[PDB]
Structure formats: structure tokens, C-alpha cells
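All remarks here apply to the structure that follows.
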Amino acid sequence: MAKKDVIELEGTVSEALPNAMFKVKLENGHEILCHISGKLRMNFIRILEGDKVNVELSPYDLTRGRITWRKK
């Protein structure tokens, strides 16, 4: 009733913009938009651009992803 996975990749936050979102650059040289999830939010974190993070891309559009896990 709901089969669907995602592409977990690593990316470095290149910039941080309002709306609880930020820009991330992949080692491939490309860049993608990412949004924060409610999980890492519960952990209560405050990451700042320039930090590496894991980017989760959605099969709905490899143009946007989301950060749900940043290095310790």
C-alpha cells in the first residue's frame, strides 16, 4: 500500500536559507536543495553551513533532497 525508497547520498551544506532549508553541494560538482526533517529536529540540533551531511533525494524529483543525519 506504499512501496517506495530513496537515494541516500552525502553532501556538504554550501549555504543556509530561511524556511528551515539549506543548499548542499555534492562531490560530483552539482548542487541540490535540501529540507530539514522532523526527526533530526526532535534531537534538537543547530547545524551551520559548511558542515557535511547526508542528503536524501526523493524519486519525485532528484532536484530536491533533505538532511536527516549530520556527522557527530
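We label chains A, B, ... in the order they appear in the C-alpha cells, count residues from 1 in each chain, and number ligands from 1 in the order shown.
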For this session: Can you pull out every residue within 12 Å of residue A:8, counting only C-alpha atoms, but drop anything in the same chain fewer than 4 positions away, and send it as number ranges by chain?
Result: A: 53-59, 62, 65-69
With N, CA, C and O atoms retained, export the selected residues as a compact mmCIF listing (two decimals), in the first residue's frame.
# COMPACT_ATOMS: atom_id res chain seq x y z
N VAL A 53 26.83 16.59 5.55
CA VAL A 53 25.61 15.91 5.98
C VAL A 53 25.15 14.87 4.98
O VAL A 53 25.63 14.84 3.86
N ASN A 54 24.23 14.05 5.39
CA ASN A 54 23.73 13.01 4.47
C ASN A 54 22.50 13.56 3.77
O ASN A 54 21.58 14.02 4.42
N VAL A 55 22.51 13.50 2.47
CA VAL A 55 21.35 14.02 1.71
C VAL A 55 20.46 12.91 1.18
O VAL A 55 20.93 11.98 0.55
N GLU A 56 19.19 13.04 1.44
CA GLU A 56 18.22 12.02 0.97
C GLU A 56 17.42 12.59 -0.20
O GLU A 56 16.62 13.48 -0.03
N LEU A 57 17.66 12.06 -1.38
CA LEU A 57 16.92 12.57 -2.57
C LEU A 57 15.60 11.82 -2.75
O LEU A 57 15.53 10.63 -2.51
N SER A 58 14.59 12.54 -3.18
CA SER A 58 13.26 11.89 -3.38
C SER A 58 13.04 11.54 -4.87
O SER A 58 13.27 12.36 -5.74
N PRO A 59 12.59 10.31 -5.15
CA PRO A 59 12.34 9.88 -6.53
C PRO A 59 11.28 10.75 -7.21
O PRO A 59 10.96 10.56 -8.36
N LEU A 62 14.79 14.39 -8.45
CA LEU A 62 16.19 14.39 -7.98
C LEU A 62 16.73 15.81 -7.91
O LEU A 62 17.92 16.03 -7.92
N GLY A 65 16.28 17.27 -2.02
CA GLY A 65 16.53 16.16 -1.05
C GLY A 65 16.27 16.65 0.38
O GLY A 65 15.45 17.52 0.59
N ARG A 66 16.94 16.06 1.34
CA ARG A 66 16.72 16.51 2.75
C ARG A 66 17.79 15.97 3.70
O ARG A 66 18.26 14.86 3.56
N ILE A 67 18.16 16.80 4.66
CA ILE A 67 19.20 16.38 5.65
C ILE A 67 18.54 15.77 6.88
O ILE A 67 17.77 16.42 7.56
N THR A 68 18.85 14.53 7.14
CA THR A 68 18.25 13.85 8.32
C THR A 68 19.33 13.25 9.19
O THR A 68 19.04 12.54 10.14
N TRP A 69 20.56 13.54 8.87
CA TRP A 69 21.65 12.98 9.69
C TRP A 69 22.97 13.66 9.38
O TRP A 69 23.51 13.51 8.30
Problem set entry | In chain A, DSSP strand (DSSP E or B) residues written as a count of residues only | 37
Exercise. So, counting only C-alpha atoms, which residue among A:35, A:70, A:64, A:25 is closest to residue A:48?
Worked result: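 Checking each candidate against residue A:48, we get A:70 as the closest.
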For this session: Mind checking which residues fall within 10 Å of residue A:13, counting only C-alpha atoms, ignoring those fewer than 2 positions away in the same chain, and posting them as a VMD selection string?
Result: chain A and resid 10 to 11 15 to 16 22 to 26 31 to 34 47 to 55 67
Exercise. Got a sec to tell me which of chain A DSSP assigns to helix (DSSP H, G or I), as a ChimeraX atom specification?
Worked result: /A:38-42
Print the selection's residues with N, CA and C atoms to a file, as a JSON list (two decimals), in the first residue's frame.
[["chain", "number", "residue", "atom", "x", "y", "z"],
["A", 38, "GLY", "N", 11.61, 16.13, 10.54],
["A", 38, "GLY", "CA", 11.11, 16.26, 11.94],
["A", 38, "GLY", "C", 11.89, 15.36, 12.90],
["A", 39, "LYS", "N", 12.63, 14.43, 12.36],
["A", 39, "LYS", "CA", 13.41, 13.52, 13.24],
["A", 39, "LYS", "C", 14.63, 14.21, 13.82],
["A", 40, "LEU", "N", 15.52, 14.61, 12.97],
["A", 40, "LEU", "CA", 16.72, 15.28, 13.48],
["A", 40, "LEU", "C", 16.31, 16.51, 14.26],
["A", 41, "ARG", "N", 15.10, 16.95, 14.01],
["A", 41, "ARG", "CA", 14.61, 18.13, 14.72],
["A", 41, "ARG", "C", 14.36, 17.77, 16.17],
["A", 42, "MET", "N", 13.78, 16.62, 16.37],
["A", 42, "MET", "CA", 13.50, 16.18, 17.75],
["A", 42, "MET", "C", 14.80, 16.07, 18.52]]
Problem set entry | Residue nearest residue A:72 - candidates A:29, A:46, A:19, A:60, atoms counted: only C-alpha atoms |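 Among A:29, A:46, A:19, A:60, it is A:46 that comes nearest to residue A:72.
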